[PDB]
Structure formats: structure tokens, C-alpha cells
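In UniProt numbering, the protein residues as written are 232 to 336.
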């Protein structure tokens, strides 16, 4: 009934999706020890993410709108979001503090 793995549908609404993401400079396979994956880097004070209560800073975005983001660059993920035309975003999320911390190094 509860899981670390969250499947969330956000609707852009009046205030937007309400979160920031981060990712690596370059898409594709990563060397050992290098950070990889797309992460939620901020929940904004208004927007779909805060209203949902199920999207957190430090979550890895494993997929978005059916797209596997394991190897996505930041640019690829931000472009995917910016290009949504129907205002709907489906996310597979899980908290990943270790990898999120590796991005801070």
C-alpha cells in the first residue's frame, strides 16, 4: 500500500508544474563514480508538485511521460518538460539521497 516508488501525475494548472530538476551535462552512459540520472532539485512554493505532496527534492525521476530518463542529460529532461503541450506530466519517482549527494561533489 505504500512504496518508495511513487507514480505521480501532475497537471500544469494555473501556477505550473512547480518543481526544478537537475541532471548531468552529457546524456548517455556514465563512468564509475560520476553522477547520473535526473533529479528533483527544488519544490516551488506554488504549483502542481507541492499540491500533490508526493514529489520531493532529492527524488530521482526514473521516467517522465513514458520516457526512460536513466541516462538523460539535464538539457534533454528540461526540454522534455518545456515541450509538453497538453499540460500533463506522469512521473516515476523514488528518493535517492546517495546519488543526489554525489551531484553535490
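Here a beta-carbon is modelled for each residue, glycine too, at the ideal position from N, C-alpha and C.
- CA-CA distance, residue 320 to residue 264, rounds to 31 Å.
- If you ignore the 5 residues before and after residue 323, its C-beta comes within less than 6 Å of the C-beta of 238, 293 and 294, all in its own chain and listed in chain order.
- DSSP places residue 279 in the uninterrupted alpha helix (DSSP H) bounded by 279 to 283.
- Distance between residue 286 and residue 255, taken at the CA atoms: about 20 Å.
- Taken through DSSP and simplified to helix, strand or coil, residue 291 comes out as strand.
- Excluding sequence positions up to five before and after residue 266, its CB lies within less than 7 Å of the CB of 255, 330, 333 and 334, all in the same chain and listed in chain order.
- Contact between residue 278 and residue 249 holds, with the beta-carbon distance rounding to 2 Å and staying under 8 Å.
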